[PDB]
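Scroll down for the structure; my scribbles are underneath it.
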Amino acid sequence: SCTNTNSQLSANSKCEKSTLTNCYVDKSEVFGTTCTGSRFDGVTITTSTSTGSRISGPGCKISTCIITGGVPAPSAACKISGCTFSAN
Numbered sequence: 003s004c005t006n007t008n009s010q011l012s013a014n015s016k017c018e019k020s021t022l023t024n025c026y027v028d029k030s031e032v033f034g035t036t037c038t039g040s041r042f043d044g045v046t047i048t049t050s051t052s053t054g055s056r057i058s059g060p061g062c063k064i065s066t067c068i069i070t071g072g073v074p075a076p077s078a079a080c081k082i083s084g085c086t087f088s089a090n
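Residue numbering for the sequence shown follows mature numbering (1 follows the signal peptide of the UniProt record, and there is no 0), starting at 3 and increasing by one per position.
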């Protein structure tokens with residue numbers, strides 16, 4: 003259930019009901035998320051969208067957010083904890 007287009011994930015990462023486009027996922031749990039040209043390093047992201055962003059943990063947890071160029075959009079439904087973002 004992982005749509006992968008030119009993306010690579012660490013053998014240890016998990017991808018469920020998500021789309022990866024030119025994305026790099028390392029030690030991460032991506033659920034019902036859309037990934038576009040972003041880098042996931044030690045993160046658990048749910049029901050979100052990442053565009054051209056680098057997000058790192060290792061204790062990074064993201065829930066229902068939209069991330070673009072490293073900046074998370076203001077959203078009452080966007081919950082972030084222990085994450086460090088950057089442009090990708």
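Beta carbons: idealized from backbone N, C-alpha and C, even for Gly.
Subject >> Environment of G61 [buried if 16+ CB atoms lie within 10 Å] >> reply: exposed
**OP:** Measure the alpha-carbon distance for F42 versus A78 and round it to whole angstroms.
**Re:** 23 Å
**OP:** Could you have a look at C25 and say whether DSSP puts it in helix, strand or coil?
**Re:** coil
Original post:
Based on Cα-Cα distance, which residue from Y26, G71 and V32 lies nearest to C4?
Top reply: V32
Subject >> Per DSSP, the bridge partner or partners of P74 >> reply: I69
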